[PDB]
């Protein structure tokens, strides 16, 4: 009654409960979606330059983006998407990719509108939809029929997907690479999704914050570069996952003027300006990355290789301890199947109809000194019972952390 109905349901945040049980133990922390090593030197230094240069950089910049940043966004992303991107009509800088999503949802989703969300989903898609009056409509990526799995075998059933569309579908949220699965959507998969979007005339909010974290030669493709798609896609990105600087909380949306003009209204009636100096640091960091595009020494080349190594490392470590990893083609994350521990150990300390993975993650934190995130926080509530056997690890870590993890894992092994 004091508060607005838009807040009904969405008030519960799984984060906080867990990342507070973590702090009351000696743990190797692998549930955190951020690096624990520094950003690359050229980007820190870019921040350093923007806070020590033209003093007017301490003041307000332009409402829809710091112009050097919208310039490099238009240019680099225009080239990657193969699109004529106008910085002033097609680019909006936002408070991280999170603020970008929020802006998008507030612009487009209204009482009645359905938003197709593909599980496992970054958890905020659902509450943001709900705050906007929409009705989430879920579809599940289903794993295919070795022993170690693969993210790319998680299938988007074409018939099941097509069935989700009604005349009330406003938007489909596509997240690639996917958090927490690490699926990198194929071209065929993208075409599938594009196909229905054109057909039913539906916007595709597409969260590509992990664009650059792709492994094993898999290729990040943007649904917006697909024929006819720009006119109906919003493409979100994040400086933080791009330059390993998550506390910079800069992101952007690219998309066509007839959509973006709504995003801009929300922006101008919510935050109005983004901080100036972060924008400057990000503009200079993209400049440095475009200069060196494809090159052995570009961050978008070395970083994925390094993190591919960390991934490979984690996969091996968790495997030999009973966990069944799903090799990701991208993102910061891999998930592991715990179905074996569920048989081995079915009753665990945990509240009433708490899904297994949640009860398991608590167990592990206490006894074995390791943080993961239960995957069920990324399923609609009705699907948590069926999808309660996965947990989510972050391998974007310092080597000292992989070391400490192995220490934890060997102490475990002796059981």
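Numbering follows the first chain given and starts at 1.
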Going by the PDB record, how many residues of the deposited sequence fall between residue 145 and residue 146 without any coordinates: none, 1 to 3, 4 to 9, or 10 or more?
1 to 3
Which has the higher mean CA temperature factor in the PDB entry, 58-66 or 359-367?
359-367
Do the C-alpha atoms of 263-271 or of 213-221 have the higher average B factor in the entry?
213-221
From 115, 239, 318, 128, pick the one with the largest CA B-factor in the entry?
318
For the listed 99, 182, 149, 136, which has the peak Cα B-factor recorded in the PDB entry?
149
Using the B-factors in the PDB entry, rank residue 207's C-alpha atom against the chain and give the third, lowest, middle or highest.
lowest
Rank-wise, by C-alpha B-factor, drop residue 279 into the lowest, middle or highest third of its chain.
lowest
Going by the CA temperature factor in the PDB record, which third of the chain does residue 293 belong to: lowest, middle or highest?
highest
Binned into thirds over the chain's modelled residues, the C-alpha B-factor of residue 322 lands in the highest
Please place residue 75 in the lowest, middle or highest third of its chain according to the CA B-factor in the PDB entry.
middle
